[PDB]
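Asker: Curious how this folds, go ahead:
(2 chains, ligands or ions: 6)
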2 protein chains.
Amino acid sequence: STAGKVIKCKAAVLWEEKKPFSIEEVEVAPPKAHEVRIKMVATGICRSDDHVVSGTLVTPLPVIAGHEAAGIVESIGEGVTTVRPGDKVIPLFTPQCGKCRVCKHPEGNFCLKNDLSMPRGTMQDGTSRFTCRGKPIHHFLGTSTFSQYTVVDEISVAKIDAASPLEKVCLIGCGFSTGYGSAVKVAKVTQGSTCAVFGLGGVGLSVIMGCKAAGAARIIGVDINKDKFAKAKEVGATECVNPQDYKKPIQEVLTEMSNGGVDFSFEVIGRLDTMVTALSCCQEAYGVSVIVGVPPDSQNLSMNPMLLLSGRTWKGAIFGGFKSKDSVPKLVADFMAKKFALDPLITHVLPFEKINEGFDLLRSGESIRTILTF
Amino acid sequence: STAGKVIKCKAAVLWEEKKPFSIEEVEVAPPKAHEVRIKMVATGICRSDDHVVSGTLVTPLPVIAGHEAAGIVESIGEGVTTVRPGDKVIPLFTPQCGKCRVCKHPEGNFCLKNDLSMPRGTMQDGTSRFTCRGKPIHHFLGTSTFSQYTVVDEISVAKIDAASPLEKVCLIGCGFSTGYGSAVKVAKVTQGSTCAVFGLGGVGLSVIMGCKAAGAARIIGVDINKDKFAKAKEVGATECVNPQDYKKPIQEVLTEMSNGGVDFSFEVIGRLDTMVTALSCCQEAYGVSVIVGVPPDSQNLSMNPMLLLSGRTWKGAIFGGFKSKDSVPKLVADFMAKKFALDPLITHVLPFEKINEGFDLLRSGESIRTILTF
Ligand SMILES: NC(=O)c1ccc[n+]([C@@H]2O[C@H](COP(=O)([O-])OP(=O)([O-])OC[C@H]3O[C@@H](n4cnc5c(N)[nH+]cnc54)[C@H](O)[C@@H]3O)[C@@H](O)[C@H]2O)c1
Ligand SMILES: NC(=O)c1ccc[n+]([C@@H]2O[C@H](COP(=O)([O-])OP(=O)([O-])OC[C@H]3O[C@@H](n4cnc5c(N)[nH+]cnc54)[C@H](O)[C@@H]3O)[C@@H](O)[C@H]2O)c1
Ligand SMILES: [Zn+2]
Ligand SMILES: [Zn+2]
Ligand SMILES: [Zn+2]
Ligand SMILES: [Zn+2]
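Answerer: Numbering: from 1, shown residues only, chains lettered A, B, ... in the order given. Ligands and ions are numbered 1, 2, ... in the order given. Dropping the coordinates below:
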């Protein structure tokens, strides 16, 4: 009943940095060629969405944020072949165009069509599908999931199992896949190894899940909020340390605890200092450190390259290294077969209209993931 | 006969930084338990030896430098099982104790018994075998090859083929193995890939040799000294670029030349700026950059961690990642079997007494490797 028509619906519009979202009516244009309009069902609150608010992650404003979500296709534009109306879908904040040199590379996943490296806040065609108060509103990472309806490019959506529980599998759209893949795919954690995970939010807990799935013998969680430790141990941490408890820098503490450095470390916070600490704490000759946290816009870290010359490997990744469109449906299928759990990440459920309370819960340190229901 | 006796011989002593080597008589003590005294036959001039002179690489002075060499065992201390008097040997500036967690790790080679991290300038037992004018003289990297005789710990020497030409295979003691391994073992260059090699000295040429051996389709040499380009092309570079010739930064040039970034880059100079440029020029999603150049003492680089978050891998290595004592004899056997060439690295052959002339050739940009012959 809405195909080819503008939809008026509620969205969470961010007009200004460091302000609450405004829940108000927007106009969502119908999909153009190779575009898909989605009725959203559930969306998670990822710290990266908060980074938009705080100006940590710069993207044009005003904007409809949200990138961790699931919904049901309302309509498809001309030439769409990979989804149909009524399909369950997860928007892909990292696209998979299938054509660029990264998509063709066996390891690569950061498709050249992404809107993360130099955000423009548009559809692929450089325009917006959103109007609010007669004003155009930017997209975010091609997804804009904080809206009852969004429009995405076909390369930014994956069809998932029709029997999927959308209020759970929305986490496959960012935090779970990112953390789990950072361990299993990017780091390639080995059986019997020692891991250190800096930051025990939804993404860091997913890193722990992946380290445990990979057979790590020791998984040391690191957080300045000791309230995070109990859940980290539930999902596989063997021990947790709070840097604030120690006189010495935590890289020295972790090096001593691991009898000369860890096999794999993960920065899952977004601070320059913890990126360098996490590198330093991995064993100097054969250690691997993976950056997962989003750094503050345009800021450089300082480090001694002798940390690398001795043999360390330093890498980072978006979305756990997963080729998004190939991987998301498989991750959903694995979830349905109980190959991993998502409930440990979900601490709070709210209606979409309580989005600002959901961000309050994240900022206070209380929540891991709040799932918003439309 | 010399066994069990002090040897008086000629060595090149560096009494203080930024001075010529002093060629004079030293006393070399006999080897203690698990030590080996070696009559030197040939030693190369590596830029790392010059770093000791320039204060780029800090190690205790006064010192007998030299780490790239080959010679013949004169005598063995009690308990030595791996070499005998008369054997051809290469000193190992990276030891292989076989017992530490690094030596037992499949991918580690920076043995914890090394004297590079935190240089003491002694034997393993914390003492020196060298005196000169009644003063103790430090060792360098457990090797000290700028001497007619040296004493090394057993874990710092490898036996090699008795028919080895020592005036060539001394390069397996540092520059060839470092560069070649950095390509084939550390980076794991792939067939059909595009490589960029920053610095076309003896080590960078050995990186090119490894990239060509691994089947790279394109190998871009980068040097500010265009006199280095002809030999780079002879050993496999498909093209060479001088950053001084361009208005743009060379990372932008190399990204354009490679249609979006190279597969593998190598820093083979020792400058913070070229370490960051080399990382930046590899493809942002799947590129790999290897640091080979020794950085200036205690200086930190500045970089944006978004370079890693998109998917790049950044690593470094000592001695090409080779486990030294296992690898050196095999590299010499491979050379004897014509699997690689060393003559392209050798531009000058001088008597040992002309060490300062050999360093002046390196500093002027006029040599690759000078081999000093005893
Ligand atoms: N690379 C990707 O594709 C990707 C995906 C998803 C999230 N992210 C980023 O990953 C980071 C974590 O996201 P999240 O799990 O949703 O966030 P979160 O829930 O805010 O978790 C971060 C955790 O870090 C802890 N912390 C803060 N400061 C320190 C410190 N100094 N030392 C140790 N712990 C500290 C903090 O207490 C919290 O539990 C954020 O920067 C996100 O933007 C990146
Ligand atoms: N990691 C290891 O185990 C290891 C082993 C051997 C050597 N090294 C280091 O590797 C580096 C190279 O050694 P080498 O080949 O003997 O030295 P080298 O022969 O002096 O070669 C260095 C090359 O870099 C070139 N160069 C200088 N500045 C620039 C610049 N700004 N941009 C481009 N090219 C430039 C220079 O012209 C020369 O051809 C040195 O820092 C050594 O200390 C490290
Ligand atoms: Zn693509
Ligand atoms: Zn996210
Ligand atoms: Zn060892
Ligand atoms: Zn060297």
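Asker: CA atoms for contacts and neighbours, from now on please.
Answerer: Fine.
Asker: So which elements touch whichever strand or helix holds residue A:196?
Answerer: Using DSSP states H and E, residue A:196 sits in strand A:194-198. The contact analysis (3 or more C-alpha pairs under 8 Å, 6 or more residues apart in numbering or on different chains; DSSP states H and E) places strand A:194-198 against helix A:202-213, strand A:218-222, strand A:264-267, helix A:272-281.
Asker: go again using 6 Å as the cut-off
Answerer: For strand A:194-198, the elements it packs on are strand A:218-222, strand A:264-267, judged by 3 or more C-alpha pairs under 6 Å, 6 or more residues apart in numbering or on different chains; DSSP states H and E.
Asker: Could you export the shortest one as PDB, keeping only the C-alpha atoms?
Answerer: Listed in PDB are the C-alpha atoms of strand A:264-267, where the atom choice follows Å, rounded to 0.1, in the frame of the first residue of the first chain:
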ATOM      1  CA  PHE A 264      46.800 -11.500  20.900                       C
ATOM      2  CA  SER A 265      45.600  -8.200  22.200                       C
ATOM      3  CA  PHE A 266      42.500  -6.200  21.100                       C
ATOM      4  CA  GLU A 267      41.800  -2.500  21.600                       C
END
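Asker: That strand near chain B anywhere?
Answerer: No: applying C-alpha under 6 Å from any C-alpha of the partner chain, one finds strand A:264-267 out of contact with chain B, separated by at least 10.7 Å.
Asker: Skip the chain neighbours and tell me the closest residue to residue A:160.
Answerer: residue A:329 (4.9 Å; C-alpha to C-alpha, 6 or more residues apart in numbering or on different chains).
Asker: buried ones in the host helix or strand of that neighbour?
Answerer: When elements are assigned from DSSP H and E, residue A:329 belongs to helix A:324-336. Within helix A:324-336, the residues that count as buried by 16 or more other C-alpha atoms under 10 Å in any protein chain shown are A:324, A:325, A:328, A:329, A:331, A:332, A:333, A:335, A:336.
Asker: Look through chain A and state the residue closest to ligand 2.
Answerer: Closest residue of chain A to ligand 2, C-alpha to the nearest ligand atom: residue A:309 (6.4 Å).
Asker: what's near enough to touch that residue?
Answerer: Residue A:309 sits next to B:316, B:317 when contact means C-alpha atoms under 6 Å, 6 or more residues apart in numbering or on different chains.
Asker: mind redoing it with 7 Å?
Answerer: Residue A:309 sits next to B:291, B:292, B:316, B:317, B:318 when contact means C-alpha atoms under 7 Å, 6 or more residues apart in numbering or on different chains.
Asker: Can you pull the phi/psi pair for the last one?
Answerer: Backbone torsions of residue B:318, given as degrees, to the nearest 10, read phi -100, psi 140.
Asker: show me what contacts it?
Answerer: Per C-alpha under 7 Å, 6+ apart, neighbours of residue B:318: A:309, A:310, A:311, B:110, B:178.
Asker: Then the first one?
Answerer: Going by C-alpha under 7 Å, 6+ apart, residue B:291 touches A:309, B:266, B:267, B:268, B:275, B:315, B:316, B:317.
Asker: Okay, and the beta partners of it?
Answerer: residue B:267, residue B:316 (DSSP bridges).
Asker: In the sheet, which strands lie alongside the strand holding residue A:196, parallel or antiparallel?
Answerer: Strand A:194-198 is paired, per DSSP bridges, with strand A:218-222 (parallel), strand A:264-267 (parallel).
Asker: how about TSV for the ones you listed, with mean neighbour count and distance to ligand 6 added?
Answerer: Formatted as TSV, the strands paired with strand A:194-198 follow (neighbours: other C-alpha atoms under 10 Å in any protein chain shown; distance: least, C-alpha to the ion, whole Å):
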stretch	mean neighbour count	distance to ligand 6
strand A:218-222	25	37
strand A:264-267	30	29
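Asker: May I see these arranged in JSON lines, with distance to residue B:22 as well?
Answerer: Supplementary listing: these in JSON lines, determined by distance: least, C-alpha to C-alpha, whole Å:
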{"stretch": "strand A:218-222", "distance to residue B:22": "53"}
{"stretch": "strand A:264-267", "distance to residue B:22": "47"}
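Asker: Which one, of these, ends up nearest to residue A:59?
Answerer: Closest approach to residue A:59 among the strands paired with strand A:194-198 is made by strand A:264-267 (22.7 Å; C-alpha to C-alpha).
Asker: So the residue of chain A closest to ligand 2 versus residue A:103, what's the distance?
Answerer: Applying C-alpha to C-alpha, to the nearest Å, the value for residue A:309 to residue A:103 is 31 Å.
Asker: looking at this, residue A:357 is in a strand?
Answerer: No: looking at residue A:357 with DSSP: H, G, I helix; E, B strand; the rest coil, it is helix, so not inside a strand.
Asker: any idea where the strands of the stretch 51-200 of chain A begin and end?
Answerer: Per DSSP state E, counting those that start in this stretch, the stretch 51-200 of chain A has strands spanning A:69-76, A:88-91, A:130-132, A:135-137, A:149-153, A:157-159, A:194-198. These are given in chain order.
Asker: any idea which residue sits dead centre in chain A?
Answerer: Nearest to the mean C-alpha position of chain A, by C-alpha atoms, centre = their mean, lies residue A:174 at 3.2 Å.
Asker: Backbone dihedrals for the nearest residue to that residue once chain neighbours are set aside, both of them.
Answerer: Nearest-residue entry for residue A:174: residue A:68, 5.1 Å, with adjacent residues in sequence omitted and distances by C-alpha to C-alpha, 6+ apart. The phi/psi pair for residue A:68 (degrees, to the nearest 10) reads phi -110, psi 100.
Asker: quick one: residue A:68 from residue A:177, how far?
Answerer: Separation of residue A:68 from residue A:177 (C-alpha to C-alpha) stands at 10 Å.
Asker: Report the buried residues of stretch A:224-240.
Answerer: Residues of stretch A:224-240 classed as buried by neighbour count (16+ other C-alpha under 10 Å): A:228, A:229, A:231, A:232, A:233, A:235, A:236, A:237, A:238, A:240.
Asker: Identify the residues contacting the lengthiest strand in chain A?
Answerer: Ranked by residue count and defined by DSSP state E, the top strand of chain A is strand A:35-44. The contact list for strand A:35-44 (C-alpha under 7 Å, 6+ apart) reads A:30-31, A:68-77, A:80, A:145, A:147-154, A:166-167, A:170-171, A:369-374.
Asker: what's around the residue nearest to residue A:174, how many residues?
Answerer: Other residues lying near residue A:68 total 29 when counted by other C-alpha atoms under 10 Å in any protein chain shown.
Asker: swap in residue A:209?
Answerer: Counted with other C-alpha under 10 Å, the neighbours of residue A:209 add up to 26.
Asker: And the residue of chain A found nearest ligand 6, how close does it get to residue B:147?
Answerer: Per C-alpha to the ion, residue A:309 is where chain A lies closest to ligand 6, at 13.1 Å. Counting by C-alpha to C-alpha, the gap from residue A:309 to residue B:147 is 28 Å.
Asker: looking at the strands of the stretch 51-200 of chain A, which is closest to residue A:115?
Answerer: strand A:149-153 (11.8 Å).
Asker: Next, the angle from the closest one to strand A:69-76.
Answerer: 80 degrees (axes from the mean of the first three to the mean of the last three C-alpha atoms, to 10 degrees).
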